[PDB]
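# Survey of secondary and tertiary structure
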Amino acid sequence: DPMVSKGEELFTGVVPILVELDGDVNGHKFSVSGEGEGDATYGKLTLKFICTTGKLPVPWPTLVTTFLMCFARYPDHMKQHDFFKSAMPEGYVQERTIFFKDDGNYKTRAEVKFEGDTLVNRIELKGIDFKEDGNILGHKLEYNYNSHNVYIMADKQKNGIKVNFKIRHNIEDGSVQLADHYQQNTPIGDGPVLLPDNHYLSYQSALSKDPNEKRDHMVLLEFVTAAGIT
């Protein structure tokens, strides 16, 4: 299928990635840069993020979902359902509202596209209605991350997809902070795209620190695999 080819020929080996985020949460301004690489053959992402404006005013875990679904591993039998690659290289817009239970919300707009050989994710994030001293602005979330299925459905009237899912962030006292994700993606270009059957992406995420890094930062290792169409 020459449409599948086109995505194949783009994601076949290791692809360098760049991520840029401008954020404002309750007027706490910050910028983040990230660099790394993805290998969609294995559903594998390796990234390192740096707060270039000093201290990050929110917990690193709360930004993981914001900081590359085109790197998912789609099994051979599911290749007709891979919206994200099909949009490349012109790319897609990924927009979310993230509702933190009993706290504020993030609203994010990203453009994910190639710039030459490099796969770029440029994001603007606005946070509003956060509690000063809540779990987010009060830095009460553990530096870890749970595995999670993400359910994708076609958004046929918009030539894109809708994605809906819950993330539970471990709080230091042993409880959990719900972050309810609402997501829409739409191609940037005017060309055709693969609109998928309902399926899900399986995520695992591991957060660590670079021992030689003095700046505020996050090392993220992610594996992502499409499933749910046998």
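Rules used throughout
- Each chain carries its own residue count, running from 1 in the order of its written sequence; this scheme can depart from the entry numbering, and residues that have no coordinates do not appear.
- To obtain the side-chain values, all non-hydrogen atoms of the structure were used and water was disregarded.
- Here, a salt bridge means any side-chain nitrogen of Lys or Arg that lies within 4 Å of a carboxyl oxygen of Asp or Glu.
- A 1.4 Å probe rolled over the protein chains alone gives each residue an accessible area, and that area as a share of the maximum for its type sets the label: buried under 20%, exposed over 50%, partly exposed in between.
- Any two strands with at least two DSSP-identified bridges between them are counted as paired.
- Under the DSSP-based scheme used, a helix requires at least four consecutive residues in state H or I and a strand at least two consecutive residues in state E, with every element numbered from the N terminus.
- Whenever a helix is involved, its axis is fitted only over the stretch in contact; in every case the axis is a line through C-alpha atoms, and angles between N-to-C directions fall within 0 to 180 degrees.

Method of determination, as annotated in the archive: X-ray crystallography, at 1.43 Å resolution.

### Focus: the pattern of salt bridges
Tallied over the full model, the rule gives 10 salt bridges. For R215, the salt bridge identified is with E213, shortest N-O distance 2.7 Å. Judged by its relative accessible area of 48%, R215 is partly exposed. Its relative accessible area of 15% is what places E213 among the buried residues. Taken together, the salt bridges that share partners define one network made up of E95, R109, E111, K113, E115 and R122.

### Remarks on the sheet that holds strand β6 (residues 118-128)
Working definition: the strands of a sheet are paired by backbone hydrogen bonds and lie parallel or antiparallel to each other. The strand order around the closed barrel built from 11 strands is β1-β2-β3-β11-β10-β7-β8-β9-β4-β5-β6, with neighbouring strands paired in mixed fashion. Each strand axis lies, on average, 20° off the axis of its neighbour in the sheet, ignoring direction. Sheet analysis places strand β2 (residues 28-39) next to strand β3 (residues 44-51), joined by 8 bridges and oriented antiparallel. Looking at the pairing, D39 lines up with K44 of β3.

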